[PDB]
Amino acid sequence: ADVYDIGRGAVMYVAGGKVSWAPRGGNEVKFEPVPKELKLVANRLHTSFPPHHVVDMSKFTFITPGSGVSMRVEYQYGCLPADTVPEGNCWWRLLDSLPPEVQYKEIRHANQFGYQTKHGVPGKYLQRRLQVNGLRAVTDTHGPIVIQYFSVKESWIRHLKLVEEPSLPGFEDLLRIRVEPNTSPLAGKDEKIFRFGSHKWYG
């Protein structure tokens, strides 16, 4: 490991070609500042990711300051190519089986809540929509659909995509499920209903 004060209330840890940032703390927290050979990387990092996630900054591609996109709730403009972060709608796939009007009414709905955000939708909300649409999502060791997190298991930042699409950068397969009509008993008993977690998000 290694660790530097990088301004504006954060600090940044480094080890591998891997890197993290975190808030400073109080005025007693006072490390060496950043080696300037890395001021770049600071700025990049702090501006575009959230604290406490670890990243290989080679795997990502940066573009000029104030002109890109951020994964930070605060931050409207980042330096990430939007091709490269989720757009916050990846959860629609889940409603694929419904009729069109209905997918769309759902989609409207979430924009009626906050949700048509870059983080997607909560999870409780997801579960609950859906429940009501006669669906049900089941943890299927062989399913079509991958659930993912960004960067560390326990993050609140999730995503899903189909098994055969290509992972976005820093996303990491968590598990596999299937979506089916919640109309008949659960098939077997190995099988289980997927509980979207509380405080998770899917975009």
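Residue indices: 1-based, along the sequence shown.
Look over 79 to 87 and 97 to 105 in the entry and identify the one with the greater average Cα temperature factor. Here the higher of the two C-alpha B-factor means belongs to 79 to 87.
Please work out which of 33 to 41 and 48 to 56 has the higher mean CA B-factor as recorded in the PDB entry. It is 33 to 41.
Per the entry, which of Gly26, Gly134, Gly68, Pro144 tops the list for Cα B factor? Of the candidates given, the C-alpha B-factor peaks at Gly68.
Divide the modelled residues of the chain into thirds by Cα B-factor and specify which third, lowest, middle or highest, holds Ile157. According to the entry, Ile157 has a C-alpha B-factor in the chain's lowest third.
Tell me, lowest, middle or highest third: where does the Cα B factor of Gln127 rank within its chain? Ranked within chain, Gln127 CA B lands in the lowest tercile.
Using only modelled residues of the chain, where does the Cα B factor of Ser167 rank: lowest third, middle third or highest third? CA B-factor rank for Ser167: middle third.
So where's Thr61 on the chain's Cα temperature factor ranking, which third? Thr61: CA B-factor falls in the lowest third of its chain.
Would the CA B-factor of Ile193 place it in the lowest, middle or highest third of its chain? It falls in the middle third of the chain.
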